[PDB]
Chemist: 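Below is the structure I would like to discuss, written out as structure tokens.
Start at 1 and go down the list; that is how both ligands and their atoms are numbered. Just so it is clear, the values below take in all heavy atoms, side chains as well, and ignore hydrogens, waters and symmetry mates. Sequence lines set the chain letters: A, B, ... in the order given, protein chains first and strands last, and positions in each chain run from 1.
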Amino acid sequence: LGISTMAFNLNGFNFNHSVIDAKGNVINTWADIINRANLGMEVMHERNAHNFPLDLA
Amino acid sequence: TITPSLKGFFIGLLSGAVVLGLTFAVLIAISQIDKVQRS
Amino acid sequence: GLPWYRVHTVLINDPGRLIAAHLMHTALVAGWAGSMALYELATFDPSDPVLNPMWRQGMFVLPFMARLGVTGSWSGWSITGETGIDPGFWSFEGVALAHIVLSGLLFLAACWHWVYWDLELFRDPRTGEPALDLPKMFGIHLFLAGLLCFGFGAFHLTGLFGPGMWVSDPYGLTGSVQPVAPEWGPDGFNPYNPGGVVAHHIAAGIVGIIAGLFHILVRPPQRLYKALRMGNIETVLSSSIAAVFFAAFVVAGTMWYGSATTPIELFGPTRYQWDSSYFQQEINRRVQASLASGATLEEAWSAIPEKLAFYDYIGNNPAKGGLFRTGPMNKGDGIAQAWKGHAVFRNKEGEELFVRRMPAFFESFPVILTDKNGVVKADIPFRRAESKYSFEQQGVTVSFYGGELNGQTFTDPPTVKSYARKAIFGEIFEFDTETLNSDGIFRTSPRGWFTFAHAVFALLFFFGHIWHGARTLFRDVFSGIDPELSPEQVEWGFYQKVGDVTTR
Amino acid sequence: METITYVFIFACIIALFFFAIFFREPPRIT
Amino acid sequence: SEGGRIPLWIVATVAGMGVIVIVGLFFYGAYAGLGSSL
Amino acid sequence: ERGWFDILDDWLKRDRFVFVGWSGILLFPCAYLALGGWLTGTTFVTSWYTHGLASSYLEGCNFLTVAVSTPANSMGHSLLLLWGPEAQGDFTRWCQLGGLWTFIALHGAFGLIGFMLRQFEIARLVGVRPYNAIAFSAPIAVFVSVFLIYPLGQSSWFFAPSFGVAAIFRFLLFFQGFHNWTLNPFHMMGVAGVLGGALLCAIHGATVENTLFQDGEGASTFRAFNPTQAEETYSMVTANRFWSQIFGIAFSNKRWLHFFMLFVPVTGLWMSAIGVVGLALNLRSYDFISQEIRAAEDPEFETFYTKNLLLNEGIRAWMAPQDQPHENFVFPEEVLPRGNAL
Amino acid sequence: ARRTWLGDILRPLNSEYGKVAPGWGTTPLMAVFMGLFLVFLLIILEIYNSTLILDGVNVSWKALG
Amino acid sequence: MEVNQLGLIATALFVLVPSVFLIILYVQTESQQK
Amino acid sequence: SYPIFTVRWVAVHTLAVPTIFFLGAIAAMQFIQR
Amino acid sequence: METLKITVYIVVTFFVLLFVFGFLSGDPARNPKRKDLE
Amino acid sequence: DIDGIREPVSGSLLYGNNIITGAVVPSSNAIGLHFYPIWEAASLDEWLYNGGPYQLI
Amino acid sequence: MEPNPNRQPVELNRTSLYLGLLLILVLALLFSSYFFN
Amino acid sequence: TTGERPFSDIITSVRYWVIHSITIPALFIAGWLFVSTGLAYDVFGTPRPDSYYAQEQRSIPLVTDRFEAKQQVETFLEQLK
Amino acid sequence: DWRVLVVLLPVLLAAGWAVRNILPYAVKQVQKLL
Ligand code: CLA
Ligand code: CLA
Ligand code: CLA
Ligand SMILES: CCCCCCCCCCCCCCCC(=O)OC[C@H](COP(=O)(O)OC[C@@H](O)CO)OC(=O)CCCCCCCCCCCCCCC
Ligand SMILES: CCCCCCCCCCCCCCCC(=O)OC[C@H](COP(=O)(O)OC[C@@H](O)CO)OC(=O)CCCCCCCCCCCCCCC
Ligand SMILES: CC1=C(/C=C/C(C)=C/C=C/C(C)=C/C=C/C=C(C)/C=C/C=C(C)/C=C/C2=C(C)CCCC2(C)C)C(C)(C)CCC1
Ligand SMILES: CC1=C(/C=C/C(C)=C/C=C/C(C)=C/C=C/C=C(C)/C=C/C=C(C)/C=C/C2=C(C)CCCC2(C)C)C(C)(C)CCC1
Ligand SMILES: CCCCCCCCCCCCO[C@@H]1O[C@H](CO)[C@@H](O[C@H]2O[C@H](CO)[C@@H](O)[C@H](O)[C@H]2O)[C@H](O)[C@H]1O
Ligand SMILES: CCCCCCCCCCCCO[C@@H]1O[C@H](CO)[C@@H](O[C@H]2O[C@H](CO)[C@@H](O)[C@H](O)[C@H]2O)[C@H](O)[C@H]1O
Ligand SMILES: CCCCCCCS[C@@H]1O[C@H](CO)[C@@H](O)[C@H](O)[C@H]1O
Ligand SMILES: CCCCCCCS[C@@H]1O[C@H](CO)[C@@H](O)[C@H](O)[C@H]1O
Ligand code: OEX
Ligand SMILES: [Ca+2]
Ligand SMILES: [Ca+2]
Ligand SMILES: [Cl-]
Ligand SMILES: [Cl-]
Ligand SMILES: [Fe+2]
Ligand SMILES: [Mg+2]
């Protein structure tokens with residue numbers, strides 16, 4: 001059901017920059033490290049197939 | 001000469017011995033107080 | 001009949017045939033040692049201990065022979081690069097031969113013990129049944145092991161009656177076999193002190209002799225005899241396997257971190273020496289001393305031994321290999337021929353730039369150059385369209401000091417870039433990639449392979465220990481549980497003490 | 001030779017399926 | 001003193017409601033103050 | 001023979017609600033400290049000084065993002081004892097230096113030993129064969145290879161897995177990007193053992209439940225079983241025919257069936273452990289050499305293998321600066337690997 | 001079974017199968033040695049680990065030139 | 001493709017040696033007295 | 001009839017006592033603002 | 001391609017028709033006990 | 001051509017794959033969710049370039 | 001010579017043959033790619 | 001059964017709740033105050049929201065030496081003015 | 001530290017309270033066991 005619902009882009013929990021200090025500095029958590037990993041995957045996949053900035057499917 | 005880390009080693013050793021000793025004293029005492037019935 | 005995985009159990013109550021199977025195993029192992037040594041001699045190239053030492057060539061048993069003082073060939077060469085040496089009989093060849101002969105003799109002895117299995121020695125005089133008195137046997141064998149350990153330490157390692165052991169300087173440049181005196185102070189327990197290896201064998205030898213005599217003369221207490229099933233040979237199997245996995249984890253560990261018994265000239269450098277730039281620091285220290293003594297830059301870098309520079313190269317780091325990348329290190333980057341010299345990069349403003357080195361974690365790594373304060377000054381870009389730091393924009397050049405390229409400067413971007421790419425691996429070398437059809441992909445050294453095999457085997461032997469300990473302590477139920485097991489024995493509260501019928 | 005090896009192992013596996021199914025030791029109620 | 005005076009189904013109901021309240025509070029906290037991204 | 005030892009043995013082996021035993025002396029404090037250490041850390045303790053991360057409920061993390069993180073890379077493989085030379089007896093500093101990580105790993109290891117010893121001890125008291133302990137050897141091999149051997153082969157405890165949900169997810173992704181761990185045949189055997197074990201669990205439970213004998217009048221069939229009964233509660237014969245006709249083969253021996261259920265997942269986990277031991281040394285199955293020689297020479301040659309390596313390269317470049325702060329990576333924008341547009 | 005010269009010489013070394021000392025015998029002493037050995041292993045481990053750092057003991061390749 | 005030249009015999013003996021071991025054991029079981 | 005303080009009582013409280021303390025602490029945390 | 005298409009259509013139709021008429025051929029009664037499920 | 005960008009991906013043993021790298025490759029992004037049976041292609045060579053086998057299977 | 005009373009016959013049933021062959025062949029199908037490299 | 005009083009008996013008894021209606025809220029309030037007075041921050045050395053960085057700093061206070069790690073941490077703490 | 005007293009005070013008032021509501025049966029328990 002996970003795969004079948006992520007099929008319609010209802011995705012995993014997103015805690016990117018959820019933790020912020022008193023001034024407003026981003027305090028990274030393990031979630032943000034996951035985010036960096038995912039960015040690596042995203043920017044590299046199908047390297048010649050995207051012409052526009054957002055991968056919308 | 002006794003370095004700080006050797007003194008620390010002694011502290012850890014003593015502490016472990018104390019934990020084990022207190023544990024066995026307590027268990028033995030309890031075992032002596034509350035014996036199983038037989039025969 | 002017996003299932004396939006139990007065929008060897010026919011030995012449990014047959015000491016003669018057990019001794020035969022053990023003799024056969026011993027014959028096979030000694031035969032392997034002989035064969036392996038022969039193969040290495042048929043493939044080993046002794047012509048360059050500086051850039052082609054044994055650990056670049058996939059040599060696995062050669063360094064174990066060298067470690068204990070066997071360094072020469074009947075053919076006249078030695079692993080330290082000497083010529084016209086007479087090793088006497090105990091050359092690498094002599095060792096291989098002795099192992100082959102041992103193998104043959106053990107084979108024959110195995111045949112005799114298999115045929116003549118029914119010796120009166122193996123029967124309990126009171127019952128006439130096959131029986132081994134394992135406690136006294138342990139005493140005898142421990143006494144022998146003790147005498148041997150002691151003799152190895154007091155005679156072989158000290159040079160009193162024997163060759164000594166492989167020792168070297170902290171940078172693995174001048175290693176050789178030397179007599180080593182025992183170290184009796186606390187530094188004896190320093191893994192990097194050889195004197196402690198000596199002291200260990202003397203002291204533990206003596207302790208082994210004493211404990212052996214104790215185990216010969218004093219019977220086990222009834223409570224321990226009963227608890228450990230000392231009448232059952234499988235108990236000795238279980239505990240022996242335990243001792244063995246302990247020892248295997250220990251040798252894996254000391255191979256990986258380094259110790260006085262795992263020298264870099266025999267097994268290759270450690271990963272931690274790359275991690276901490278150990279060799280680079282020594283190199284820079286020497287160059288700085290030379291400069292301060294009034295040498296020129298060329299002279300200073302030219303005074304660096306090629307062997308030292310070669311240690312400062314990631315291709316020799318054992319944490320750079322692959323599980324299925326087989327063979328010697330030479331099959332990867334090639335056979336090292338010569339140091340190209342130390343590369344100094346500069347920008348158009350004449351500022352010196354430093355290539356960021358590859359950490360062992362990364363199969364590939366970008367090319368980034370910073371100034372002495374870590375500020376980025378040049379790189380090789382991926383996307384070009386908004387590049388600011390390209391070698392072309394920054395006018396990066398490279399000049400060499402020492403080695404084959406000493407005194408030369410290059411200014412064409414492709415060349416400068418090629419050298420920067422190599423500079424991420426540390427010092428730069430020229431390689432022969434044709435002789436072996438080398439494929440340019442890094443392989444681990446014998447330090448690596450040894451570490452891997454022994455950690456794996458130790459871990460599997462943990463399971464062996466568990467399994468045989470279980471078979472030992474639960475022998476009575478291993479064909480199944482009592483068909484008459486009463487529910488009361490597993491019903492809660494029936495017995496005050498679990499499994500104890502006298503506590504109803 | 002690699003392709004041949006892969007395909008051979010696969011083929012042996014399929015043959016094994018056949019024997020394991022149609023030429024199994026028949027289960028028997030004692 | 002002795003077992004039975006307070007029916008088990010009431011104990012279970014109140015206990016469970018307590019669990020719901022506390023977990024509810026924890027979910028509230030995901031949207032306010034620290035960890036809220038705001 | 002009824003001295004203090006035997007009296008103690010008596011007390012230790014009493015049939016009480018929670019069985020204790022000699023093994024309990026090792027197991028209970030170590031398991032308790034490991035669990036308590038994890039709860040304590042994830043509730044109150046930061047990873048700011050070791051990782052540059054917030055990691056506790058106190059700082060605003062949730063259940064998915066809290067962790068007890070590994071020590072800084074500069075600690076190496078220090079045991080990091082509270083009274084050791086790094087913390088020097090200072091509890092607060094010890095927490096700030098990552099001491100809870102080794103506290104939990106080590107007490108956890110000794111507790112696992114205690115638990116397996118408990119399995120042996122109880123089996124012996126009750127009079128059953130010790131296959132449950134034996135099967136537990138697989139959890140042991142995984143824990144020891146992943147949390148101990150692996151970082152011991154690397155530069156420091158920093159690269160061990162951190163104890164947290166998201167932290168573990170990060171561990172998985174690190175292993176893909178840096179080790180190409182999915183390519184490893186030891187991991188693949190692990191996967192087969194885990195999924196095969198899950199398959200066996202499901203199919204066996206379902207088969208038993210659908211070949212039940214009618215041993216009662218109720219439409220809810222659970223009550224028509226008595227623990228003391230001698231008869232099989234389901235038909236092995238019917239089960240055998242069904243599976244023979246559906247799948248081609250079927251179990252016919254119940255003893256072999258249950259042994260196999262032990263064998264499959266236990267062996268899978270052991271195999272994965274072996275692969276991780278190699279990864280401790282970076283001895284990866286990272287590449288196929290023939291693939292790389294061909295692709296290097298031929299810019300039209302493409303497989304899913306080469307496609308995955310580009311993903312790994314993305315992971316490494318994009319995650320390293322923040323995931324490995326002690327390295328002080330500064331990767332200018334122009335060197336970051338990226339396809340078109342993204 | 002078959003007697004031999006060497007077998008007859010070794011006979012007494014394999015004639016005490018199952019022989020035990022009464023009760024606990026030398027167990028306490030054994031326990032003492034096990035404890036000492038445990039402490040010894042803790043010492044060498046902590047030295048190698050740089051958790052125990054001793055004067056004149058430099059755990060490094062640069063131990064002695 | 002530039003494969004490892006020992007791969008063929010490695011795979012062949014990996015399959016043949018244990019398979020033959022099993023076949024030997026099976027056939028001699030069948031031939032034992034019923 | 002029944003004892004109060006047993007091994008079971010002890011285990012139960014070693015878990016339950018810190019749990020309630022920890023739950024109060026995490027509750028308070030929900031009202032902390034940067 | 002047209003011949004292939006026609007052929008596949010005919011094959012598929014044949015098997016679907018077998019399925020449908022087969023399940024219509026007194027299926028509830030094809031069981032080992034109580035057959036009169038009509 | 002899995003991604004419909006005229007960049008064909010090799011999946012078969014004879015075309016440079018081993019057991020681990022080999023695959024039957026998904027049909028072309030140019031096709032999308034369109035039904036692509038053999039008889040929709042002008043030829044088998046076309047059918048194969050566009051990943052027809054994936055859909056059939 | 002007097003016969004050895006510790007000898008035991010050995011057995012491998014057909015099912016065990018099939019399981020063993022499946023294990024070996026599947027292991028080979030798995031590891032062969034890595035042997036060819 | 002192993003002898004101890006059944007839980008269902010205990011948690012349905014009046015005396016149980018006379019005791020625990022006090023002990024449970026008391027523990028809960030103690031934990032609250034552990035956070036609310038700020039004691040937790042000081043015990044575990046966890047940064048308050050205003051104590052991750054000094055006003056203009058943007059670099060992590062990463063520990064970089066094993067044996068002087070403690071003093072490094074102390075220096076980091078001083079630099080928060 | 002006043003905060004330590006502030007925090008631990010609720011726990012002590014609990015332990016001291018539960019003792020009063022259980023002391024006779026605890027004395028009875030230890031006296032019976034002995
Ligand atoms: C402790 C064991 C050990 C170690 C560490 C070494 C180390 C070395 N050997 Mg030596 N060798 C050994 C024993 C060892 N050898 C033995 C027993 C033999 C006789 C066969 C040899 C014969 C030999 C030759 C002929 C050569 C070497 C060479 C080398 C060097 C290259 C190693 C390599 O590429 O491996 C690659 C390692 C692997 C690919 C790992 C294999 C992993 C296996 C296949 C996993 C099996 C999985 C299993 C089936 C799963 C079961 C599952 C089931 C239980 C469910 C290296 C220094 C080479 C060299 O450079 O010589 C100068 C060389 O030519 N060795
Ligand atoms: C000193 C080491 C040692 C010794 C002497 C034994 C001896 C025994 N084992 Mg134990 N065991 C050990 C270590 C040892 N084991 C280890 C390390 C493990 C974990 C891997 C085990 C796990 C184990 C299990 C699960 C079982 C035994 C059993 C047995 C008994 C029957 C063996 C047999 O007939 O196999 C016959 C084996 C074959 C006919 C073929 C084996 C082929 C192997 C799997 C692959 C090739 C091995 C290779 C040639 C060896 C290379 C050497 C190695 C160092 C690299 C025998 C008493 C059995 C038993 O208890 O019976 C009552 C049993 O069920 N052992
Ligand atoms: C009973 C089971 C048990 C076990 C196996 C462990 C094991 C461990 N604890 Mg844990 N611990 C426990 C219970 C246990 N603990 C309990 C109940 C508490 C609460 C008090 C703790 C609180 C605790 C803390 C706060 C810490 C540990 C730490 C450790 C680790 C280092 C221990 C050490 O070096 O001791 C050394 C001592 C011995 C091995 C004693 C051996 C005694 C010998 C055999 C007898 C001789 C003694 C001799 C006569 C004494 C002379 C002293 C004199 C010379 C000065 C080790 C994993 C440390 C850690 O995890 O760092 C990451 C750590 O900081 N423990
Ligand atoms: C009622 C909810 C059902 C959906 C949940 C799934 C449970 C049943 C389906 C499993 C299929 C296994 C294969 C067949 C296995 C099989 O043959 O089952 C057989 C088993 C016993 O059969 P009986 O014939 O005795 O009883 C079933 C009927 O005949 C009515 O008496 O069926 C049940 O126990 C039904 C249980 C319903 C009540 C269970 C509720 C479970 C809810 C769990 C939700 C948790 C969510 C947590 C998320 C974090
Ligand atoms: C609709 C028709 C569908 C047919 C599809 C074909 C099914 C093929 C099933 C496997 C046949 C081979 C079994 C040999 C082995 C064999 O004959 O086993 C026979 C064995 C019978 O067990 P018994 O209980 O009768 O054995 C008792 C004693 O004889 C044991 O000593 O069955 C099992 O052990 C079940 C567990 C193993 C199940 C193994 C599943 C294998 C799945 C395939 C995995 C590899 C695929 C690789 C693809 C490249
Ligand atoms: C009789 C005689 C003789 C002769 C002898 C000889 C000639 C011997 C030889 C011997 C030999 C020549 C032996 C050999 C051996 C070998 C071995 C024993 C090996 C084994 C191996 C293994 C076991 C391996 C395994 C593996 C593989 C394969 C892969 C990878 C993984 C591993 C490592 C596991 C003389 C004249 C002296 C005199 C007396 C009589
Ligand atoms: C570390 C340390 C230590 C220890 C400590 C301890 C021992 C602690 C404990 C602690 C604890 C012991 C805590 C607890 C906690 C708990 C909690 C926090 C819980 C929570 C829960 C919840 C939240 C729930 C949830 C859920 C689930 C799970 C499922 C169902 C649903 C729900 C959602 C309800 C010592 C001092 C020794 C030393 C130093 C260090
Ligand atoms: C069975 C579970 C029952 C759970 C019931 C929970 C209690 C119900 C809500 C309690 C009332 C809230 O009381 C709340 O107290 C906290 C102090 O901790 C105050 O919080 C105050 O301190 C924090 C730091 O500790 C500051 O960041 C905050 O800006 C300040 O207002 C809140 O301003 C107040 O709103
Ligand atoms: C487009 C697909 C076709 C859709 C058709 C649906 C329209 C409704 C009409 C359905 C007609 C069903 O007709 C069905 O055919 C078979 C074959 O004669 C009949 O006859 C069957 O009866 C018995 C039942 O005990 C079977 O054992 C026997 O094999 C068979 O002859 C069914 O009793 C009848 O009900
Ligand atoms: C089985 C073959 C035996 C061959 C023996 C040849 C002895 S060789 C002899 O050995 C001495 C000790 O190494 C040396 O001192 C001496 O130089 C050397 O010639
Ligand atoms: C040919 C480009 C001009 C610069 C020389 C390249 C850097 S150095 C070059 O590196 C090779 C490994 O790639 C070695 O095999 C070779 O021996 C060495 O000359
Ligand atoms: O296709 Mn296969 O992957 Ca689903 O996102 Mn869009 O499109 Mn492509 O990119 Mn990302
Ligand atoms: Ca070539
Ligand atoms: Ca604010
Ligand atoms: Cl992709
Ligand atoms: Cl697009
Ligand atoms: Fe079952
Ligand atoms: Mg919040």
Chemist: Should the pair F/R294 and F/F288 be classed as cation-pi, given the thresholds of under 6.0 Å to the six-membered ring centre and 45° from the axis?
Modeler: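 Verdict for F/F288: no cation-pi partner in F/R294.
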Chemist: Identify, by atom number and element, the atoms of ligand 7 in contact range of E/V19, meaning under 4.0 Å from any of its heavy atoms.
Modeler: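 Per the distance check, 34 (C).
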Chemist: Which residue and atom name correspond to the protein heavy atom nearest atom 17 (C) of ligand 7, and how close is it?
Modeler: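 Scanning the protein heavy atoms, the shortest distance from atom 17 (C) of ligand 7 goes to I/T19 CG2, 4.2 Å.
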Chemist: Just let me know how F/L82 lines up against ligand 7, side chain, backbone, both or neither, with a heavy-atom cut-off below 4.0 Å.
Modeler: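 No part of F/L82 is near ligand 7 at this cut-off.
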Chemist: How about M/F34 and I/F22: are their ring centroids closer than 6.0 Å?
Modeler: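 No, the ring of M/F34 stays outside the 6.0 Å limit from the ring of I/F22, centre to centre.
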Chemist: To the nearest 0.1 Å, how far is atom 20 (C) of ligand 7 from its closest protein heavy atom, and which atom is that?
Modeler: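 Closest protein heavy atom to atom 20 (C) of ligand 7: I/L23 CD2, 3.9 Å.
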Chemist: Would a 4.0 Å cut-off, counted as strictly less than, catch a protein heavy atom around atom 35 (C) of ligand 7?
Modeler: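 It does not: no protein heavy atom is found less than 4.0 Å away from atom 35 (C) of ligand 7.
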Chemist: Assess, by modelled atom type and distance only, whether the side chains of I/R34 and E/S36 contain a donor and an acceptor separated by less than 3.5 Å.
Modeler: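 No, no side-chain donor-acceptor contact under 3.5 Å.
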Chemist: Would atom 13 (C) of ligand 7 count as contacted, meaning some protein heavy atom under 4.0 Å?
Modeler: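 Within 4.0 Å: yes, protein heavy atom nearby.
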Chemist: Name the one of F/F143, F/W101, F/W38 that satisfies ring pair (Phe, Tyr, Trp, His ring centres under 6.0 Å) with F/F163?
Modeler: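 Testing F/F163 for a ring pair (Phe, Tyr, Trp, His ring centres under 6.0 Å) against F/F143, F/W101, F/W38 leaves exactly one candidate, F/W101.
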Chemist: In terms of atom number and element, which parts of ligand 7 are under 4.0 angstrom from non-hydrogen atoms of I/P18?
Modeler: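 Every atom of ligand 7 under 4.0 Å from some heavy atom of I/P18: 10 (C), 11 (C), 12 (C), 13 (C).
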Chemist: Taking atom types as modelled and ignoring hydrogens, do the side chains of F/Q291 and F/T303 form a donor-acceptor contact shorter than 3.5 angstrom?
Modeler: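 A donor-acceptor contact under 3.5 Å links the two side chains.
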Chemist: Of all the atoms in ligand 7, which lie at a distance below 4.0 Å from a heavy atom belonging to F/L33?
Modeler: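 So the atoms of ligand 7 that pass are 37 (C).
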Chemist: Do the ring centers of M/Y53 and F/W48 come within less than 6.0 Å of each other?
Modeler: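 Ring-ring flag for M/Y53/F/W48: true, centres closer than 6.0 Å.
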Chemist: Quick test: of every protein heavy atom, which one is nearest to atom 33 (C) of ligand 7, and how far off is it to 0.1 Å?
Modeler: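 It is E/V23 CG2, 3.7 Å.
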Chemist: Answer yes or no: does atom OH of K/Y15 have more than 12 heavy-atom neighbours from other residues, nucleotides or ligands under 6.0 Å?
Modeler: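 Atom OH in K/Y15 is not packed in, count stays at 12 or less.
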Chemist: Give a yes or no on whether atom 22 (C) of ligand 7 lies under 4.0 Å from any heavy atom of the protein.
Modeler: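 Under 4.0 Å from atom 22 (C) of ligand 7, zero protein heavy atoms found.
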Chemist: Just need the protein heavy atom nearest to atom 6 (C) of ligand 7, so name the residue and atom and give the distance.
Modeler: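 Nearest protein contact, heavy atoms only, for atom 6 (C) of ligand 7 is F/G36 CA, 3.8 Å.
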